[PDB]
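Understanding the architecture of this molecule
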2 protein chains.
Amino acid sequence: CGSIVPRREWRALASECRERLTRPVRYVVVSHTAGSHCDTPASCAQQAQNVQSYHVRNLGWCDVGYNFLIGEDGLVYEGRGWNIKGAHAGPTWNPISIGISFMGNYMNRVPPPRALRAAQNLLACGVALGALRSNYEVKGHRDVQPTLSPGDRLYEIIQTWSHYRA
Amino acid sequence: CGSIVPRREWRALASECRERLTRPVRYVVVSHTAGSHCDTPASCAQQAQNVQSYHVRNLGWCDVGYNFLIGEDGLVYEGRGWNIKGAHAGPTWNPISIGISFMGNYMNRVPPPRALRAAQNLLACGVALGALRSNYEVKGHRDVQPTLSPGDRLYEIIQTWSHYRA
Ligand SMILES: CCCCCCC(=O)O
Ligand code: NA
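Residues numbered from 1 in each chain as written, not as in the entry; some residues may be left out. Chains lettered and ligands numbered in written order. Heavy atoms only, no water.

Structure determination for this entry is recorded as X-ray crystallography, at 2.150 Å resolution.

What follows is the structure in structure tokens.
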């Protein structure tokens, strides 16, 4: 639960986000970035920077929209974290969910087991902290918004998860 | 609790080790491999293979001697794990300790924060599982055996840890 790459370590611009989530949060929404893939701590720190740059500079958002990002390096990158409302699943789901995004496009490829392990351990951590309900529900991005996110291959994997609910 | 690269994923030779540790284990001994470092899941899986090869083929040991290895990629590699007696700290400490080894030489270098985080969260996981006592003690390799292990720079860092006792 303490094995998250913190904001400063991936050279994140400072957050301007103020809106808080109400703990414990019932929902996890799993997205993909549909961005470049990365499989080294060096390449994934850069990728998290690029995603945040797009969201802050181009979209004018207070921070990277996701609560956490997942690298194919098997590390979790701190986004808005447990306590700050994300921008990842639209205005109905953002206030009542944690958004975790796998960095890449998983339409025609899977994240490696280390990426999946990182995500599953992140969610266990959320329960332990009281950030997530013990009985949290995992949704695919496409289950709550019109998108291919989180990609067909990754979507089929999260459908098998104990906490998945269509 | 927590995330770990399992034996099969780093292509480990099958273990022949049978001798069990008595849970909960009171002591953690921190070593270095004094070997080549690695900072990618690909390079660290190979490094764990190389360390195990040395221990099994050359030293004739039943498995890699460490209970867990720590990569500069920020991942933990499963060694003998929580339940099997290691070969890392000699015949007095092996039966009463978990041996975790940072892959590299930390005489004139520190492990990156992600490596240190991985190790600290591995130990929290051990407590959560009942593998380690809640009041476990961290020892440097050099505190229980005549060696420079775990290297001057890493030794100075583990001296600052909550559970460290010389
Ligand atoms: C606040 C909860 C921390 C629990 C300790 C085990 C963990 O690393 O998740
Ligand atoms: Na002491």
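1. Points about the site of ligand 1
Around ligand 1 lies a shell formed by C1(A), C1(B), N121(B) and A124(B). At the site occupied by ligand 1, the surrounding residues belong to chains A and B. Contact between ligand 1 and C1(A): an oxygen atom at 3.3 Å from a main-chain N or O atom of the residue. Between ligand 1 and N121(B) there is a distance of 2.6 Å, counted from an oxygen atom to a side-chain nitrogen or oxygen. Burial of ligand 1 by the protein amounts to 59% of the accessible area it has alone, namely 310 Å². Tallied by class, residues from the shell around ligand 1 come to three nonpolar, one polar and no charged. (Near = heavy atom within 4 Å. Polar contact = N/O pair within 3.5 Å; in protein donor to acceptor, adjacent residues only side chain to side chain. Areas by Shrake-Rupley, 256 points an atom, 1.4 Å probe, with all protein chains shown as cover. Nonpolar A, V, L, I, M, F, W, Y, C, P; charged D, E, K, R; others polar.)

2. Considering the relation of the copies chain A and chain B
Placing chain A over chain B gives an RMSD of 0.4 Å and needs a rotation angle of 180°, together with 0.1 Å of translation along the axis. Both copies of the chain, as the preceding transformation shows, are related through a two-fold rotation axis. Judged by C-alpha distance, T40(A) is the residue of chain A that lies nearest the rotation axis, at 2.6 Å. Interface residue correspondence from chain A to chain B reaches 100%, placing this contact among same-surface, isologous pairings. (Least-squares fit on C-alpha atoms. Contact = heavy atoms within 4.5 Å.)

3. Brief notes about the state of the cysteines
In protein chemistry, a disulfide is the covalent bond that joins the sulfur atoms of two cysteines. As enumerated under the stated definition, the model contains six disulfides over all chains in all. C38(A) shares a disulfide with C44(A); S-S distance 2.1 Å. For the disulfide bridge between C38(A) and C44(A), the dihedral angle about the S-S bond is near 105°, and by the sign convention the bridge is right-handed. For the pair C38(A) and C44(A), one class covers both residues: buried. Residue pairing for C1(B): its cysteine sulfur links by disulfide to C125(B), the two sulfurs lying 2.1 Å apart. Across the disulfide from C1(B) to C125(B), rotation about the S-S bond amounts to roughly -80°, and the bridge is consequently left-handed. Of this pair, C1(B) sits in the segment before strand 1 (25–32) while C125(B) sits in helix 3 (residues 113–129); the two residues are 124 residues apart in sequence, bridging distant segments of the chain. Using a relative accessible area of 54% as the deciding quantity, one classes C1(B) as exposed. Each bonded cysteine of chain A gets a number by its place in the sequence, and the pairs then read 1-6, 2-5, 3-4. (Disulfide = S-S within 2.5 Å. Buried < 20%, exposed > 50% of the residue type's maximum accessible area, 1.4 Å probe, protein only. Helix = DSSP H or I, 4+ residues; strand = E, 2+ residues; numbered from the N terminus.)

4. Considering the interface of chain A and chain B
In this assembly, 18 residues from chain A lie in contact with 18 residues from chain B. Interface area, chain A with chain B, both sides summed: about 1200 Å², of which 46% is carbon and sulfur. The largest contributions to the chain A side of the interface with chain B come from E9(A), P41(A) and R117(A), which together make up 37% of the buried area. Here chain A is connected to chain B by three salt bridges. (Buried area = accessible area lost by both parts, 1.4 Å probe. Salt bridge = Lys/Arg side-chain N within 4 Å of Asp/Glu carboxyl O.)

5. Some remarks on helix 3 of chain B
If you check helix 3 of chain B, its first and last C-alpha atoms are 24 Å apart, about what 17 residues at 1.5 Å a residue would give, namely 24 Å. Looking at helix 3 of chain B, one finds that the buried residues are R114(B), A115(B), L116(B), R117(B), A118(B), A119(B), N121(B), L122(B), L123(B), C125(B) and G126(B). (Expected span 1.5 Å × (residues − 1).)

6. Observations concerning the coordination of the sodium ion (ligand 2)
Surrounding the sodium ion (ligand 2) are the protein donor atoms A166(B) (N) and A166(B) (O), which sit 2.2 to 3.2 Å from the metal. Checked against the element boundaries, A166(B) lands in the segment after helix 5 (152–158). (Donors = N, O, S within 2.8 Å, 3.2 Å for Na, K, Ca; no water.)

7. Thoughts on the sheet that holds strand 4 (residues 97–102) of chain B
Residue and element names in this part refer to chain B. Taking strand neighbours across the sheet as the criterion, the five strands line up as 3-2-4-1-5 in an open arrangement whose pairing is mixed. Each end of this open sheet is capped by a strand with a single partner; those strands are strand 3 (76–78) and strand 5 (132–140). In this sheet, neighbouring strand axes are inclined to one another by 25° on average, regardless of whether the strands run parallel or antiparallel. Strand direction decides the pairing type here: strand 2 (residues 68–70) and strand 4, joined by three bridges, are parallel. Of the residues in strand 4, the one forming a bridge with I70 is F102. Each of strand 2 and strand 3 touches helix 1 (residues 41–58); the most contacted strand, strand 3, lies at about 40° to it. Here helix 3 sits on the sheet and contacts strand 1, strand 2, strand 3, strand 4 and strand 5; the angle it forms with strand 5, its principal contact strand, is near 145°. (Pairing = 2+ DSSP bridges. Axes fitted to C-alpha atoms, helices over the stretch in contact; angles between N-to-C directions.)

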